[PDB]
Amino acid sequence: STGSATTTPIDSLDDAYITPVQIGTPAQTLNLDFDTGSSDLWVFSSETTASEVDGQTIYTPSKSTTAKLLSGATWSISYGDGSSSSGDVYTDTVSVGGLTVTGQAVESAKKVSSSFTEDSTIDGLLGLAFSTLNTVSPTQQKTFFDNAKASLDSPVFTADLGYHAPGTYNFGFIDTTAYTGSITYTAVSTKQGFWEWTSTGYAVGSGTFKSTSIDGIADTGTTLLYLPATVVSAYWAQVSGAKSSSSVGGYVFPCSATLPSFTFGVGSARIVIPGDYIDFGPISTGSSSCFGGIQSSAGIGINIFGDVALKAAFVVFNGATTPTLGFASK
């Protein structure tokens with residue numbers, strides 16, 4: 001089997017991407033944030049504290065003839081950005097782009113933090129990291145991909161995120177028309193539960209490539225590119241007037257600037273992030289200070305190849321017995 005679904009930016013900045021997901025019988029379609037940095041499929045629901053729902057579409061398990069309470073199971077998750085959610089668990093039928101999993105754990109939120117409530121466009125998350133990170137207790141549950149894997153034509157999924165435009169998540173096949181050149185594959189460590197890999201270096205604009213190992217994660221659920229302070233300083237030094245602002249929470253730059261590209265290495269291959277992908281717009285409405293899309297990972301404890309990086313590539317998440325990651329230009 002295979003599946004193919006379009007993923008759409010939630011706003012004009014590509015802050016996140018939503019993908020429609022069918023849950024239950026008859027189908028209830030919710031727009032979920034596919035997150036290769038976590039491993040829980042959770043949804044706003046009829047159980048979510050009413051004051052914490054503001055415009056989201058909810059899953060109502062009592063209206064699904066295939067929903068079953070997973071007795072005694074609870075979940076609770078906190079994300080890198082400080083947001084959180086928790087609740088109980090159902091199993092139900094879940095389909096993405098024509099690919100169906102029966103008995104998928106659907107984690108129903110009883111509580112969500114303010115950032116989730118305030119974002120009316122995201123109805124929940126669909127985790128695509130390794131199932132070892134799943135938070136369901138006392139019986140850990142599998143991700144949608146883990147459950148689908150054996151049925152797929154090939155044990156892979158691909159992320160093809162757009163810049164200010166829709167893109168695609170495919171399951172079970174590699175669309176050879178969706179990228180240019182070849183796909184370069186690179187080793188993955190699953191030790192921390194992430195799609196963790198080592199970039200071979202970077203360049204800023206038309207500058208020379210610096211060969212240096214940068215361990216980080218491929219994370220579709222993180223907006224920006226978070227890299228070591230040395231790398232980030234080298235980038236922003238090429239933008240007149242750019243500075244790190246403790247009050248704003250990162251590097252800012254004059255909105256009048258033209259940003260240089262940023263290149264990262266994948267083995268001997270190179271992925272080029274155009275400068276415009278690094279512009280996250282005014283820090284507040286009407287400001288002439290703009291927020292940067294490359295930020296320091298210092299104090300996160302891990303480098304993160306988030307959407308800024310991933311949307312410059314066609315990315316293969318290869319879930320074979322020994323997982324790997326592939327990157328191609330597009």
# chains A, B, ... in the order shown; residues from 1 in each chain; ligands from 1
>>> residues_around(residues="residue 169 in chain A", least_positions_apart="4", cutoff="7 Å", atoms="only C-alpha atoms", output="VMD selection string")
chain A and resid 4 to 7 158 to 160
>>> select_by_dssp(residues="range 81-246 of chain A", states="helix (DSSP H, G or I)", output="list in words")
residues 114, 115, 116, 117, 131, 132, 133, 144, 145, 146, 147, 148, 149, 150, 151, 229, 230, 231, 232, 233, 234, 235 and 236 of chain A
>>> write_last_selection(atoms="N, CA, C and O atoms", output="tab-separated table (two decimals), in the first residue's frame")
chain	number	residue	atom	x	y	z
A	114	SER	N	-1.76	26.87	26.35
A	114	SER	CA	-2.30	28.06	25.70
A	114	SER	C	-1.90	28.18	24.24
A	114	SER	O	-2.69	28.64	23.41
A	115	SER	N	-0.66	27.81	23.92
A	115	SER	CA	-0.18	27.93	22.54
A	115	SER	C	-1.03	27.09	21.59
A	115	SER	O	-1.27	27.50	20.45
A	116	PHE	N	-1.48	25.92	22.04
A	116	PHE	CA	-2.34	25.09	21.21
A	116	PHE	C	-3.72	25.72	21.06
A	116	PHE	O	-4.25	25.82	19.95
A	117	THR	N	-4.30	26.16	22.17
A	117	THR	CA	-5.61	26.80	22.12
A	117	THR	C	-5.62	27.98	21.16
A	117	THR	O	-6.58	28.18	20.41
A	131	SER	N	8.91	5.10	17.85
A	131	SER	CA	7.86	4.82	18.83
A	131	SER	C	8.36	4.75	20.27
A	131	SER	O	7.57	4.86	21.20
A	132	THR	N	9.66	4.59	20.45
A	132	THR	CA	10.26	4.64	21.78
A	132	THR	C	10.01	5.96	22.52
A	132	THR	O	10.14	6.00	23.74
A	133	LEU	N	9.67	7.03	21.80
A	133	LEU	CA	9.33	8.30	22.43
A	133	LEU	C	7.85	8.45	22.78
A	133	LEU	O	7.46	9.44	23.40
A	144	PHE	N	1.75	6.03	13.73
A	144	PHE	CA	1.05	5.71	12.50
A	144	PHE	C	1.98	5.03	11.49
A	144	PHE	O	1.62	4.03	10.86
A	145	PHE	N	3.19	5.57	11.33
A	145	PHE	CA	4.15	4.99	10.40
A	145	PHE	C	4.58	3.58	10.83
A	145	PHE	O	4.62	2.67	10.01
A	146	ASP	N	4.85	3.40	12.11
A	146	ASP	CA	5.25	2.10	12.63
A	146	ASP	C	4.14	1.07	12.37
A	146	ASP	O	4.41	-0.05	11.94
A	147	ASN	N	2.89	1.45	12.62
A	147	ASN	CA	1.78	0.56	12.37
A	147	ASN	C	1.58	0.26	10.88
A	147	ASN	O	1.23	-0.86	10.52
A	148	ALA	N	1.81	1.24	10.02
A	148	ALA	CA	1.61	1.06	8.58
A	148	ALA	C	2.72	0.30	7.89
A	148	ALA	O	2.52	-0.26	6.82
A	149	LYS	N	3.90	0.29	8.51
A	149	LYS	CA	5.16	-0.06	7.84
A	149	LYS	C	5.11	-1.37	7.08
A	149	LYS	O	5.54	-1.45	5.92
A	150	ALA	N	4.60	-2.41	7.73
A	150	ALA	CA	4.64	-3.74	7.15
A	150	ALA	C	3.79	-3.83	5.90
A	150	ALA	O	4.05	-4.65	5.02
A	151	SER	N	2.77	-2.97	5.81
A	151	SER	CA	1.84	-3.00	4.69
A	151	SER	C	2.31	-2.15	3.52
A	151	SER	O	1.83	-2.31	2.40
A	229	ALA	N	26.22	27.90	17.95
A	229	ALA	CA	26.39	29.35	18.00
A	229	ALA	C	27.46	29.86	17.04
A	229	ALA	O	27.32	30.95	16.51
A	230	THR	N	28.53	29.09	16.87
A	230	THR	CA	29.59	29.48	15.95
A	230	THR	C	29.07	29.62	14.52
A	230	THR	O	29.38	30.59	13.82
A	231	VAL	N	28.28	28.64	14.09
A	231	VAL	CA	27.73	28.60	12.74
A	231	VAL	C	26.76	29.75	12.53
A	231	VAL	O	26.77	30.44	11.51
A	232	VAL	N	25.89	29.96	13.52
A	232	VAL	CA	24.86	30.97	13.43
A	232	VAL	C	25.48	32.37	13.42
A	232	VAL	O	25.03	33.26	12.68
A	233	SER	N	26.51	32.59	14.23
A	233	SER	CA	27.20	33.87	14.23
A	233	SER	C	27.85	34.13	12.86
A	233	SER	O	27.79	35.25	12.35
A	234	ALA	N	28.46	33.10	12.27
A	234	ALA	CA	29.07	33.25	10.96
A	234	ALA	C	28.03	33.64	9.90
A	234	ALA	O	28.32	34.42	9.01
A	235	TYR	N	26.82	33.08	9.99
A	235	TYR	CA	25.76	33.44	9.07
A	235	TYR	C	25.35	34.92	9.24
A	235	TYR	O	25.39	35.71	8.29
A	236	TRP	N	24.96	35.30	10.45
A	236	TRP	CA	24.39	36.63	10.67
A	236	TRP	C	25.42	37.74	10.54
A	236	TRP	O	25.06	38.88	10.26
>>> residues_around(residues="residue 166 in chain A", least_positions_apart="4", cutoff="12 Å", atoms="only C-alpha atoms", output="ChimeraX atom specification")
/A:5-12,14,16-19,159-162,311
>>> write_last_selection(atoms="C-alpha atoms", output="compact mmCIF listing (two decimals), in the first residue's frame")
# COMPACT_ATOMS: atom_id res chain seq x y z
CA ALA A 5 -1.42 13.73 1.24
CA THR A 6 -0.92 17.42 0.64
CA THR A 7 0.51 19.47 3.48
CA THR A 8 -0.30 23.20 3.67
CA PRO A 9 1.36 26.06 5.57
CA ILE A 10 -0.83 27.39 8.39
CA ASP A 11 0.09 31.03 7.72
CA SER A 12 2.10 33.34 5.48
CA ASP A 14 5.25 28.78 7.08
CA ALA A 16 3.88 25.01 10.59
CA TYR A 17 2.17 22.73 8.10
CA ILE A 18 -1.15 20.91 8.37
CA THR A 19 -2.18 17.70 6.67
CA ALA A 159 8.53 15.03 3.33
CA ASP A 160 8.37 17.58 0.53
CA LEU A 161 7.52 20.83 2.28
CA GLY A 162 6.80 23.96 0.26
CA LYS A 311 11.65 22.68 2.89
>>> residues_around(residues="residue 212 in chain A", least_positions_apart="4", cutoff="10 Å", atoms="only C-alpha atoms", output="PyMOL selection string")
chain A and resi 198-202+265
>>> closest_residue(among="A:188, A:294, A:242, A:58", to="residue 321 in chain A", atoms="only C-alpha atoms")
A:188
